[PDB]
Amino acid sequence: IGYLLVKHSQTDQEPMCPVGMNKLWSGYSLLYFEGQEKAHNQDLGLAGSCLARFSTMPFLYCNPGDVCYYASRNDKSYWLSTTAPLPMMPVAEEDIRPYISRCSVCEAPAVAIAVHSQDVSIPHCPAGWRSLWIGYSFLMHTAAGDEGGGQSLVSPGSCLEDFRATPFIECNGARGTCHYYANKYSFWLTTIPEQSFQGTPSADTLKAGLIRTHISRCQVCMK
């Protein structure tokens, strides 16, 4: 049918398409744009989240007076990031490259979906569906102000192969720099101890280490 399977490497290297799936293009992992301090996201499981050409300011805007402005105000862009070390201070121009996650759009045989266990055990792909990869349940995010976004739990975009406390980076549009700010938050589905119904959550603060056994698992499947 020509379903588009999208993969984000979460590294500065392009991800390879599954054997039998021809690549339509590779690009940069786009999370969301922020214009007039209002976020507009791209579903990480849809081809729109894979932009062929990167820029700290990939868009422009116009007002009714037939006037348009490109990189002439205070807008931003957010991208999935790599394991590149948390920056000193903002990284500029060519120094940004190592931080932007890469992606590939592949023409697939059938539709792919994501399943979540909300458990430490990996969810089983439905009967008649095979596994393309396993990962962690990425639900939503916030950064500047309270702007942010989230993924569709049935979309492959809600299943990242690598868990990251901070899976994305912020780029200052007109300044041509990107950086990691303290208000960046990633939200993930939790591993629930109970089998099916958790009426009372047991609050807790998790340090680096126990973190992963606390993150829900997922699998991306295709018939």
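From 1 onward, residues are counted along the sequence shown.
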Take the C-alpha B-factors listed in the entry for 34 to 42 and for 187 to 195, compute each mean, and give the stretch with the larger one. 187 to 195
Tell me which of 54 to 62 and 24 to 32 has the higher mean C-alpha B-factor in the deposited entry. 24 to 32
Out of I100, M89, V115, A143, which residue has the highest Cα temperature factor in the PDB record? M89
Please place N74 in the lowest, middle or highest third of its chain according to the CA B-factor in the PDB entry. lowest
What third of the chain, by the recorded C-alpha B-factor, contains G135? middle
Taking the chain's C-alpha temperature factors as the reference, tell me which third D119 falls into: lowest, middle or highest. middle
Sorting the chain's CA B-factors, does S104 end up in the lowest, middle or highest third? middle
Split the chain's modelled residues into thirds by Cα B-factor; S81 lands in the middle
